[PDB]
Number of protein chains: 2
Amino acid sequence: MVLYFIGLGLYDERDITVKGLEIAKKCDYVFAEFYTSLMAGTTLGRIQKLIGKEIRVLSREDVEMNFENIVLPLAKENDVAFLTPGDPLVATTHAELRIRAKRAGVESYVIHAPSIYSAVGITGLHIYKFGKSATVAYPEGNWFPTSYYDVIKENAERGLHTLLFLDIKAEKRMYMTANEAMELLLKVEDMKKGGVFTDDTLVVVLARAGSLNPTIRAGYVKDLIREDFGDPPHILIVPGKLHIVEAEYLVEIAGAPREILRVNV
Amino acid sequence: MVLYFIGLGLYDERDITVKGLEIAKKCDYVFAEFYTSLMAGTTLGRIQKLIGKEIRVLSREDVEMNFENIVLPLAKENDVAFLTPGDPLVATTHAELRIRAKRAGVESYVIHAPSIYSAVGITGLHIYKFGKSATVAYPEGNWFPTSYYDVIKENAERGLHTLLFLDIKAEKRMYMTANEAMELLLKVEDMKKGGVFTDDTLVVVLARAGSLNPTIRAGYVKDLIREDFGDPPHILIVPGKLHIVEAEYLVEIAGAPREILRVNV
Ligand SMILES: Nc1ncnc2c1ncn2[C@@H]1O[C@H](CSCC[C@H](N)C(=O)O)[C@@H](O)[C@H]1O
Ligand code: NA
C-alpha cells in the first residue's frame with residue numbers, strides 16, 4: 001500500500017543512499033526512469049544487480065501520462081519503488097506525481113539522494129550565491145529560444161551565479177557538451193548583444209559529478225571553448241562576481257588562471 | 001595517504017550514500033563535525049556502529065583553526081575521512097579546507113550526500129525557480145542582522161522563491177525554529193516596512209527533511225507563526241509567483257488554504 005520515490009544519486013550505482021537501497025530491496029515492484037537524466041557512470045544491469053530486483057524502465061510518456069495506470073495500481077497491494085537519477089522531485093514535473101498518488105489513495109514517501117543542485121558545491125562557489133537556474137536548449141527549425149541567456153543576465157546583474165543544465169537527448173543518448181553550450185551562448189550574444197556571454201566571460205565546467213575523479217575546470221571562454229572536458233554529462237556555470245575565497249578555490253582546485261584573483265573579484 | 005570529505009545526509013545514518021559507506025569503512029582515521037547542521041534522527045553511536053570506526057568529533061574551532069594540525073597530518077600517511085551532516089560543501093565553508101589539504105600536499109576527494117538545498121523539491125516548489133538564498137541569524141546583543149530580509153525582497157521582485165537556512169549554535173544545543181524565524185522577520189518588517197514579510201505573506205516550512213515523515217506545511221504567517229512543526233532542524237521558504245501546479249501541491253500535500261489556488265498572474 002506504499003509508493004517510494006527513491007533517488008539514485010549522481011553518477012553510478014553506489015550513489016544511491018543506504019536507506020534507499022535497503023528500502024528498494026524490500027519492495028515488490030521497482031520502476032525507474034532515465035529520460036530526465038542518465039546514470040553515465042553505470043548501467044541498468046549494475047543497478048538491478050545491486051538491488052536484486054527486476055527494474056521496469058518507464059518512458060516520459062509512461063510517467064507523465066500513465067503513472068496512475070502503470071505504477072499506482074500495484075502500490076495498492078504492494079510496496080512499490082520508483083527510481084530516478086539524482087534527488088526525487090527535483091525534475092520539475094515529478095512533485096505532481098505525489099498528488100496523483102494521494103488521489104489514488106496511495107501513501108508515498110520520499111527517499112533523497114545527491115543532486116547536481118547541491119553537488120555543484122564542489123566547484124567552490126557558495127551555494128547561497130546561485131540565482132535562478134536554466135537549461136541551454138538546441139535551436140531547431142524556426143525556433144531559436146534564448147531565455148537561458150536572459151537568466152544569466154538577471155543573475156549576474158545581481159552578483160549571483162547561474163547553474164546551466166545542458167540539453168539532453170535521453171533516448172538517442174545525445175548529450176550537449178559544455179563546448180557546444182558555449183558556442184550557442186556566443187551566438188546568442190551576437191544577436192542580443194547584451195554583453196552577457198563573450199570570450200572574456202569566466203565560466204566553470206563540472207563533469208561527472210559524483211565520480212571520485214570529476215572534471216572541474218574554470219577559465220575564460222576563449223580558452224575553454226575548445227578544451228576537452230571528457231565524457232558527459234557536462235554542467236555549465238556562469239559565475240557572478242566572485243568572493244576572494246571562491247576565486248582561490250577555482251585557482252587551486254579547478255586550475256583557473258591566477259588572473260581571476262583581480263579581474264573577477 | 002588521502003583525505004575524504006564524506007557527507008552523512010539529512011536525517012539519520014542511512015542517508016549516507018553507499019559509496020560513502022564503503023569508503024568510510026576502509027579509512028584508517030575518521031573525523032567529523034556536527035555544528036554545521038542537525039541530524040535529528042541518529043546518534044554518534046549509531047554512525048560509529050554503521051561505519052565500524054570510532055569517530056573523533058571536532059568543534060568549529062578545531063576545524064576552522066586547527067584542521068591542518070589535527071586532520072591533515074594523518075592524511076599524509078593514512079586514509080582519512082572527514083564526515084559532516086548533509087553535503088559537506090553546501091552552506092558551509094568546508095570547501096576552503098580542500099585548499100589547505102592541497103597546500104599540505106594532501107589529495108582530497110568529495111563524496112556527496114543528500115542536502116537540504118535539493119530536498120526543497122519535496123515542498124512542491126520548482127527548484128529552478130529558487131533565487132539567492134540567505135540565513136536567518138540570531139540577533140547578538142545589540143547587533144541585529146537583517147540582510148536576509150533584502151534577499152527575500154530581491155527574489156520576490158523577480159518572482160523567485162527564497163530558501164532560508166535557519167541559524168544554529170550547536171555548542172548550546174540551540175536550533176532556530178521556523179516560528180522563531182518568522183518572529184525575527186516580522187520584527188525586521190516593522191523596522192523597514194518594505195511590505196516584504198507580513199502576517200499575510202505565504203510561507204512554507206520543511207522540518208526534518210530526510211525522515212520518512214517530514215513536516216511539510218504551507219500557509220499565511222499569521223496562521224503558521226505559532227503552529228508546532230516538530231523538532232528541528234527547520235528551514236523557512238518564502239515563495240515568489242507560483243505556478244498553478246506548485247499551488248496545487250502546496251494545497252494537496254502541504255495543507256495550504258485552497259485560497260492560494262487562485263493565483264494572481
Ligand atoms: N533535514 C533537514 N531539515 C530541515 N532543515 C535542514 C535539514 N538539514 C539542514 N537544514 C537546514 O540547514 C541548516 C544547516 S546549513 C548546512 C547544510 C548542509 N551542508 C546540507 O547539505 O543540508 C539548518 O540549521 C537548517 O535550517
Ligand atoms: Na538554486
Side-chain angles (χ1 to χ4, degrees), chain A residues 87 90 110 112-122 125-134 151 155 160-165 237, chain B residues 5-12 15-16 33-42 60 83-95 110 112-123 125-138 148 151 155 160-170 173-178 180-181 204-217 229-237 240:
Chain A
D87 191 341
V90 160
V110 178
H112 299 279
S115 171
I116 188 65
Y117 272 95
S118 52
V120 289
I122 198 169
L125 298 176
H126 303 316
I127 286 296
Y128 80 90
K129 288 175 64 179
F130 278 80
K132 185 177 184 183
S133 300
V151 172
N155 289 332
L160 306 179
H161 308 315
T162 302
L163 173 60
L164 299 160
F165 292 89
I237 295 169
Chain B
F5 290 84
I6 305 181
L8 296 177
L10 305 162
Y11 191 64
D12 58 69
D15 292 319
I16 184 174
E33 61 94 345
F34 290 99
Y35 65 79
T36 61
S37 187
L38 176 60
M39 288 187 74
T42 194
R60 178 183 289 273
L83 320 181
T84 74
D87 178 295
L89 311 177
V90 176
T92 71
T93 51
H94 297 328
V110 182
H112 304 285
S115 166
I116 188 62
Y117 191 65
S118 72
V120 299
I122 196 172
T123 63
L125 296 170
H126 302 330
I127 192 171
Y128 78 86
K129 289 175 58 177
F130 276 73
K132 185 176 187 180
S133 298
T135 299
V136 178
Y138 280 121
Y148 55 82
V151 171
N155 295 321
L160 302 174
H161 311 315
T162 303
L163 170 61
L164 294 166
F165 294 105
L166 302 190
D167 213 344
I168 175 182
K169 300 294 183 179
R173 291 180 181 176
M174 295 194 286
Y175 307 98
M176 180 186 280
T177 61
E180 279 167 38
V204 169
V205 174
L206 174 58
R208 303 182 307 289
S211 76
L212 293 163
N213 295 289
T215 293
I216 315 177
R217 287 281 297 115
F229 304 112
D231 301 321
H234 299 180
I235 53 159
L236 184 65
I237 297 167

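So that the names make sense, note that chain A is the first sequence line, chain B the second, and so on, each numbered from 1. All heavy atoms count here, side chains included; hydrogens, waters and symmetry mates do not. As the structure lists them, so they are numbered: ligands from 1, and atoms in each ligand from 1.
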Location of contacts on [X] toward ligand 1, heavy atoms closer than 4.0 Å:
X        : result
B/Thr36  : backbone
B/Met39  : neither
B/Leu206 : backbone
B/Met176 : neither

Could you tell me the separation between the CG atom of B/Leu206 and the CG atom of B/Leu164, rounded to the nearest 0.5 Å? 12.5 Å
Distance check below 3.0 Å: does B/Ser133 bring an N, O or S atom to the Na ion (ligand 2)? no
For [X] and ligand 1, does the shortest N/O to N/O distance drop below 3.5 Å?
X        : result
B/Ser115 : yes
B/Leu10  : yes
B/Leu38  : no
B/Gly210 : no
B/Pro88  : no

is_close_aromatic(A/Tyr117, A/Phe165), centroid dist under 6.0 Å: yes
Show which atoms of ligand 1 fall inside a sub-4.0 Å distance from at least one heavy-atom site of B/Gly86. 20 (C), 21 (O)
B/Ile127 versus B/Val120: any side-chain heavy-atom pair under 4.5 Å? yes
Would you mind reporting whether B/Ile122 and A/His112 have side-chain heavy atoms less than 4.5 Å apart?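 Yes - at least one pair of side-chain heavy atoms lies under 4.5 Å apart.
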Give a yes/no on ligand 1: does B/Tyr117 have at least one heavy atom closer than 4.0 angstrom to it? no
Side-chain donor-acceptor contact under 3.5 Å, B/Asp87 with A/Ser118: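 A/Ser118 and B/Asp87 do not have a side-chain donor-acceptor pair below 3.5 Å.
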Options B/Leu89, B/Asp167, B/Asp87, B/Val90, ranked by nearest heavy atom to atom 17 (C) of ligand 1, top entry: B/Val90
Just going by heavy-atom distances, which of B/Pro114, B/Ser37, A/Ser118 is nearest to atom 9 (C) of ligand 1?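 Looking at heavy atoms only, the winner is B/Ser37.
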Check A/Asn155 against A/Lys132 and note the closest heavy-atom contact, atom names and distance.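 In terms of heavy atoms, the two residues are closest at ND2-O, 2.7 Å.
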Donor-acceptor check, side chain of B/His94 to backbone of B/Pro88, threshold 3.5 angstrom: yes or no? no
